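Chains as they are written, first to last, in the entry's author numbering: chain Se, 7 to 46, 54 to 65; chain SZ, 8 to 129; chain SP, 1 to 142; chain SD, 1 to 182.
By construction, the Cβ of each residue, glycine as well, lies at the ideal position given by its N, Cα and C atoms.
Have a look at the structure below, then the notes.
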Amino acid sequence: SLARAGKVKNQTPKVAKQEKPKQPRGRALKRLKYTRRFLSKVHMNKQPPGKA
Amino acid sequence: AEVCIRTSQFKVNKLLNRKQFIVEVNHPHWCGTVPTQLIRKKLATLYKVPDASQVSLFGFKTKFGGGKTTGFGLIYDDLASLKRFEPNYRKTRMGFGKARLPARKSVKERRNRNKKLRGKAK
Amino acid sequence: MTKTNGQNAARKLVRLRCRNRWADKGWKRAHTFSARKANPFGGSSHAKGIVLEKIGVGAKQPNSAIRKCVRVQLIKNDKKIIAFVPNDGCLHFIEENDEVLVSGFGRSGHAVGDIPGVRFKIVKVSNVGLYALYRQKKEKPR
Amino acid sequence: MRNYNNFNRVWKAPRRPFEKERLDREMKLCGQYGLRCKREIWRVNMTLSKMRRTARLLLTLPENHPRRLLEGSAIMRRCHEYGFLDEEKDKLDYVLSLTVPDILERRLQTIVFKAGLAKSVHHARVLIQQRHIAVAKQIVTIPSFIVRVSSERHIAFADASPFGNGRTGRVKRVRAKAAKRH
RNA sequence: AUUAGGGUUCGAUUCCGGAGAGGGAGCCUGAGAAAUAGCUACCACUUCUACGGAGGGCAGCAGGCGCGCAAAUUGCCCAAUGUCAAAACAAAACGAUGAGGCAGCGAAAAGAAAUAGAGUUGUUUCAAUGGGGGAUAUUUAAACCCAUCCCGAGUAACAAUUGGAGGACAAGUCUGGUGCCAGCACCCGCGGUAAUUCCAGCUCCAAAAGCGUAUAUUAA
Ligand SMILES: [Mg+2]
Ligand SMILES: [Mg+2]
Ligand SMILES: [Mg+2]
Ligand SMILES: [Mg+2]
Ligand SMILES: [Mg+2]
Ligand SMILES: [Mg+2]
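The following block contains the structure:
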C-alpha cells in the first residue's frame, strides 16, 4: 500500500478564485446584516430548487 | 494667541528661601505647546520678581482636547539661593550646570583594577 | 436506612467518604501514579520524537480504508508510539529520521474513531506546522 | 515584579452559543444602537447583573438594618443621577426591573442622535470619534460615555471643530492650498 | 479559580515566616554568623604554569552550554524609593549602590477602540477624520511613549481573519471531481458512478483583531 496517498487531492481540477470587490469591515458590516435580515418560515441563503 | 496664568496652591517656604505653587496656563487658539521660557517671563511680571532667572518651572502636562496646561513652579528670593538649592539637572535646563561626569562603566573598571594594588602607584 | 445521623458522629461520616471515593474511576486515576508511568508523555501535552518508518493501519469495520500513520521514538524517554497523520496527502511531507512534534488525539488517552489503538497525532515536522504545509502557507525546510 | 496595579474583566460570554432566540434579539439591539460587536452588549449584561445581585442581598436584610439604610440609598442615587430610573421610582425594588435598553439609551452615541446633532446613530458614531462633540466644554471621543442627567443640557458642538468655532476642515484647507499653488 | 446554597480545586512566584549557597563537616572575628562575592579539610568536577607551584564556586544582574512542549538586552541612570556612612546643599570641591528606577524584546492576561459618514437622479456629488510625515515646542536624569498643533485618502490597493453549512448546533435538495479508494468524523455516522458529511468553486453562518488544536482543572 502507501501508494494511494493524496490521490483525490491531486485529481481535482484547479479552479481559481473570483476576486470580488471588498466588503465593509467593522461596524458597517453589522449595519449591512441588520438592514438585510430586518426592515428589508424565514429562509437564509436559498439555492435554486429547479435542480430537483 | 494670548496666554493667561493662574497659580492655585500658594505656600511660602522660609526654609530653602522660596515660594511654591501650581501653575495653570490657558492658551485658547494657540498653535502647539507654550514654551517654558515664555511662561517664566509672564510669571516674573505677575509676581514683581526683579530677575526672571529666579523662577523655576517643572514638568508640564497638557489637558486632553487642548487649551490648558498645568505644571509646578518655584520662585526663589535671590539668584544665589536658586543656584545653591536647585537640583543639577534643572540647573542644566536653565543653562548653568556642572558638566556631565564620565561614564559609570569606566569608573567601575578603574576602581576594580585599583583594588589589586596597594602602594602610591595605585 | 442508609447513613448514620448522630450529632457527634462526624468521625464515622469522614471515614465513610474517604473509603468510597476510591470507587470513582476518575478520582482514583488522578490520585494514583500508575497512569502517569503508563503515559508515554510524562504528563505533558506534547512531545518530540524521531520517525522510524511509515505504516498503514486498517480501519475497523464497518468502515474500510487504510489510515496512514508513522511510528515514533520519543526523545525524552525513548518510548515508541504510533501517531496518525491527518489530511489528504501529507505523508509525502514526512520522511524517515525526521523530527516531529506529537500531540494527543482529544480523548485523554482513549482511542479515537475507527483507528484501532491510536491515540496520538502529528502536528509539526522539521519545526514547521503540518497544516501550514498542507495549505501551502510555508515550504518544507532543507 | 513588585508591581501592584490592579485589573479586572468587564464582560463574559453566554452559555449556549447558538441559541436562535437570543441571536435574533442581540442582532436587534446591535442595529438599533449602532454597535460594533456583541461584546458591547455583553458588558451591559455584566453591569446589570451586578446591580441586581446587590439589590437582592439588601432586600433579604430587614428594614432599618444599617447596611440597608446605607448602601441602599447609595445605589438608588446612582440610578437617579445617570438616568436609569426616573425620580418617581424610589423603592429599591425597582432596580430589579431594569433592562438592557434602559442603559443603552444613556450612551453618548444615542444621546447625540436623539438630541439632534446627528441624523443617524452611525453618523453619531463618527462624529464622536472625530472630536466634534464636547460635553460641558470638554471634548469626549468615547462612544460609550454614559451621560449624566445634569450634563445633558451642556452637550453641544466643540469650539475647536469646524462645525463650531474652529478653523476650516481638511478638504477645505487642502483645496485652498491647491488654489494658492495655482 | 469556579460556584444559588453546601462545596471542589490551586498556591515554585511580589507581603510575612522558614531553610540553603556543588556535597558534607569544622571554625575565627564580632553585640549578632556555625557567614560562604570569610577561613580550614575531604569528595566530585575544573583553570594557569617556565613542572618548582598557584588558583575556582551566577539558586545576584546581563549573557553562554545542555535539558526540554516550555520562558527577554553581555542596554541607560542613581532623577525618584530606600540602605550604609567619617556624610545637609553650595563653594578648587558631584560617595557607593545590576537593591531600585528607565527603555529594548514580549498576541501570558486585562481596558478603550479604526477599517467610514451624508445625500441627488435613473451613477454622480459634498464635507469629515485618523494611520502616517513634521514641529516654536512639550515630556524625560538624557532619550522614548502619551498629550498639543499643521501636509496629507476614492478600487479612500491605507484591500480582516479564523473556523463551519446531515444531528447535537446558527447556516445549501447549488455546481463539478472521486467512487468503501482518497479522505472526513470529539459522539451518532458519511464514501461501493445521481455523496445535504470527502476534494474544490459559488453563496451563506458564528465570533472578530482575533480564531482554532492538545493536555490539566472548576461547573455541567
Ligand atoms: Mg483638532
Ligand atoms: Mg492546600
Ligand atoms: Mg555523598
Ligand atoms: Mg546570570
Ligand atoms: Mg463544502
Ligand atoms: Mg455531488
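Using the beta-carbon of each residue, which ones in chain SD are nearer than 8 Å to Se:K36? Numbered from 1 along the first sequence, position 30 holds the residue referred to as residue 36 of chain Se. Correct list: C30, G31, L35, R36 and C37.
The alpha helix (DSSP H) that contains SZ:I46, what's its start and end? In the second sequence, the residue the question calls residue 46 of chain SZ occupies position 39. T43 to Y54 is the extent of the alpha helix (DSSP H) around SZ:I46.
Within the segment 100–167 of chain SD, note down every full alpha helix (DSSP H) run reaching 4 residues or more, in order along the chain. 100–104, 108–115 and 121–129
Residue range of the unbroken beta strand (DSSP E) whose run includes SZ:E31: In the second sequence, the residue the question calls residue 31 of chain SZ occupies position 24. Unbroken beta strand (DSSP E) run through SZ:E31: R25 to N33.
Positions along the segment 57–89 of chain SZ whose CB lies within less than 9 Å of some CB in chain SD: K70, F71, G72, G73 and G74
Hey, would you say SZ:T76 sits closer than 7 Å to SZ:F65, going by beta carbons? Here the question's residue 76 of chain SZ lines up with position 69 in the second sequence. Here the question's residue 65 of chain SZ lines up with position 58 in the second sequence. Not closer than 7 Å, so no.
Let me make sure I understand the geometry here. Which of SD:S150, SD:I128, SD:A136 and SD:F18 has the alpha-carbon closest to that of SD:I142? Counting from one through the fourth sequence, the residue named residue 142 of chain SD turns up at place 142. Among SD:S150, SD:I128, SD:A136 and SD:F18, the Cα nearest to that of SD:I142 is on SD:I128.
Would you identify the three-state DSSP class for SP:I55, choosing helix, strand or coil? Within the third sequence, numbered from 1, the residue matching residue 55 of chain SP stands at position 55. Looking at SP:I55 - three-state DSSP - the assignment turns out to be strand.
Please state the DSSP three-state secondary structure of SZ:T76. The residue labelled residue 76 of chain SZ in the question sits at position 69 within the second sequence. Looking at SZ:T76 - three-state DSSP - the assignment turns out to be strand.
Kindly list, in the order they appear in chain SP, the residues whose Cβ is closer than 7 Å to that of Se:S7. The residue you call residue 7 of chain Se lines up with position 1 of the first sequence. Those within 7 Å of Se:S7 in chain SP are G56 and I66.
Checking 7 Å against the spacing of the C-beta atoms, do SP:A132 and SP:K138 come in under that value? Here the question's residue 132 of chain SP lines up with position 132 in the third sequence. Here the question's residue 138 of chain SP lines up with position 138 in the third sequence. Yes, the Cβ-Cβ distance between SP:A132 and SP:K138 is below 7 Å.
In the segment 150–170 of chain SD, which residues sit with their C-beta less than 7 Å from some C-beta in chain SZ, listed in chain order? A160
Coil, strand or helix - Se:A34 by DSSP: On the first sequence, position 28 is the one that residue 34 of chain Se refers to. Reduced to three states, the DSSP call for Se:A34 is helix.
Can you list the residues of chain Se that SP:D114 reaches, using a CB-CB cut of under 7 Å? In the third sequence, the residue the question calls residue 114 of chain SP occupies position 114. The premise fails here: SP:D114 is roughly 17 Å from chain Se at the closest Cβ pair, so nothing lies under 7 Å.
List, in order along the chain, the chain SD residues whose C-beta lies closer than 8 Å to that of Se:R43? Numbered from its first residue, the first sequence carries residue 43 of chain Se at position 37. Result: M27.
For SP:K121 and SP:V102, believed in contact at Cβ under 8 Å, the rounded distance: What you label residue 102 of chain SP is simply residue 102 of the third sequence in a count that begins at 1. What you label residue 121 of chain SP is simply residue 121 of the third sequence in a count that begins at 1. Confirmed, about 7 Å.
Under the three-state reduction of DSSP, which class applies to SD:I41: helix, strand or coil? By 1-based counting over the fourth sequence, the position of residue 41 of chain SD is 41. It is helical.
SP:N63 versus SP:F33: straight-line alpha-carbon distance, rounded: To locate residue 63 of chain SP, count along the third sequence from 1; it is residue 63. To locate residue 33 of chain SP, count along the third sequence from 1; it is residue 33. Cα-Cα distance, rounded: 37 Å.
Under 8 Å between beta-carbons, which chain SD residues line up against Se:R33? List them in chain order, please. What you label residue 33 of chain Se is simply residue 27 of the first sequence in a count that begins at 1. Here the neighbours are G34, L35, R36, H122 and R125.
Applying a beta-carbon distance threshold of less than 7 Å, which residues of chain Se neighbour SP:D88? Translated into the one-based positions of the third sequence, residue 88 of chain SP becomes position 88. Correct list: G12, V14 and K15.
Opening and closing residue of the beta strand (DSSP E) in which SP:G104 lies: Your numbering for residue 104 of chain SP matches position 104 in the third sequence. Counting along the chain, the beta strand (DSSP E) containing SP:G104 begins and ends at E99 to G104.
Considering only residues of the same chain and omitting the five flanking positions on each side of SP:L52, which have a CB-CB separation below 8 Å? The residue labelled residue 52 of chain SP in the question sits at position 52 within the third sequence. The residues are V70, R71, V72, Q73, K80 and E96.
Below 8 Å on C-beta distance, what does SP:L91 contact in chain Se? Against the third sequence, residue 91 of chain SP aligns to sequence position 91. Per Cβ cutoff of 8 Å: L8, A11 and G12.
DSSP-derived helix/strand/coil call for SZ:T99: For the purposes of this step, residue 99 of chain SZ is taken as residue 92 along the second sequence, with counting starting at 1. Here SZ:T99 sits in helix by DSSP.
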